[PDB]
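One chain is shown next in structure tokens, namely the form deposited in one PDB entry.
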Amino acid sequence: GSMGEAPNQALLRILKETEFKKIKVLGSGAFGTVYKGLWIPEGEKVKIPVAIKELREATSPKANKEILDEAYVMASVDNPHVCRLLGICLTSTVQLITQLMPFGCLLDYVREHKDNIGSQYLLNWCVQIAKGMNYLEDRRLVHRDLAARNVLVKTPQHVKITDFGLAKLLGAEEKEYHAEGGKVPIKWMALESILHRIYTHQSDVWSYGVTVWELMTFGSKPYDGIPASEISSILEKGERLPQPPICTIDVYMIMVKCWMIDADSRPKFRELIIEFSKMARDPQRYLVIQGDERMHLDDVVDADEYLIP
């Protein structure tokens, strides 16, 4: 239509290599390498636990291009349920720096605490992920990699969406991103994304549906044992992930609506906030979980208390 673009006045913060003490590697995979460490901003009397991400690519130019694309997207994002970029470090391979999420990724968390996770926790996570995704939709950001492995656990009551490696900014009243044939996790992708490389907020809703399924199955692998090359044909025949045992029809119906062929028929993130919030008020009416009732979960400053103008 006629709507233009406003200036992006986000501040990119450059942090000195020498203000960081890497304690340990947290993990390595397709995301690159993530380290744990401690940030001590020279001027203040403050110590801030951080995570540090480097990419692992064929050459340094490619790695630096892709990591600065991810810094660009994240610099502009400020929500309690989305990872906040604290800054970058201009080592040879550029690094991103964020607040340390000490419990790690929600996929491993639910697998590790499977016998201790009640309905209140599971519905509250679904609410928080939908809030984060609704925020990204309002910023015209399509994440394109929403999965339980890309949700981090600050505390059992507080999760954040991470990994902006595939994220794209839509122009004002632009509806779609058309991709150019890089690797994309097929078992979390909308059917139009597999067939036509079209990505929308409504394709992120499909991924949200698979993420909820991963949580409600305590971290099962979707389409377990099925090769990626068969998923397209399975979806086109009308097959979907099965109803998790703990799920009432109310919860499974939400997941199924996320996996409808008509992208505009799928729920909006703003509707998923309302639905999961309603269910979180009476959690044992919506999820039927064995032993639900009887299971619990220096100058060091939390980065959410260290605010940068």
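All residue numbers refer to positions in the sequence shown, first residue = 1. Rigid core (definition): largest C-alpha set, two forms, superposition within 1.5 Å.
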At least a third of the other compared entries lacking residue 247?
-> no
Establish whether the other compared PDB entries of this protein leave residue 285 unmodelled at least a third of the time.
-> no
Where residue 297 meets residue 298 in the shown sequence, the number of deposited residues left unmodelled = 10 or more
Report the stretch with the higher mean CA temperature factor, choosing between 57-65 and 246-254 on the basis of the entry.
-> 57-65
Return whichever of 28-36 and 276-284 has the greater mean Cα B factor according to the PDB record.
-> 28-36
Pick out which of 262, 70, 42, 271 has the highest C-alpha B-factor in the PDB entry.
-> 42
Of the three thirds of the chain ranked by Cα temperature factor, residue 95 occupies the middle
Among modelled residues of the same chain, the CA temperature factor third for residue 187 | middle
Residue 131: which third of its chain by C-alpha temperature factor?
-> lowest
Entry-reported Cα temperature factor of residue 197, expressed as the chain third it lands in | middle
Relative C-alpha B-factor of residue 137, binned into the chain's lowest, middle or highest third = lowest
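The same protein also exists as the form deposited in another entry; that form is not shown, yet it is the one meant from here on.
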Once you align the rigid core, which of 35, 252, 269, 259 turns out to move its Cα at least 2 Å between this form and the one not shown?
-> 35
Align on the rigid core first; then say whether the Cα of residue 242 has moved by at least 2 Å between this form and the one not shown.
-> no
C-alpha of residue 169: shift of 2 angstroms or more between this form and the one not shown, rigid core aligned?
-> no
If you line up the core, does residue 78 shift 2 angstroms or more at its C-alpha between this form and the one not shown?
-> yes
Shift in CA distance, residue 63 and residue 167, in the other entry relative to the form shown here, given it is 3 Å or more | closer
Out of closer and farther, which fits the Cα atoms of residue 108 and residue 63 in the other entry compared with this form, where the change is 3 Å or more?
-> farther
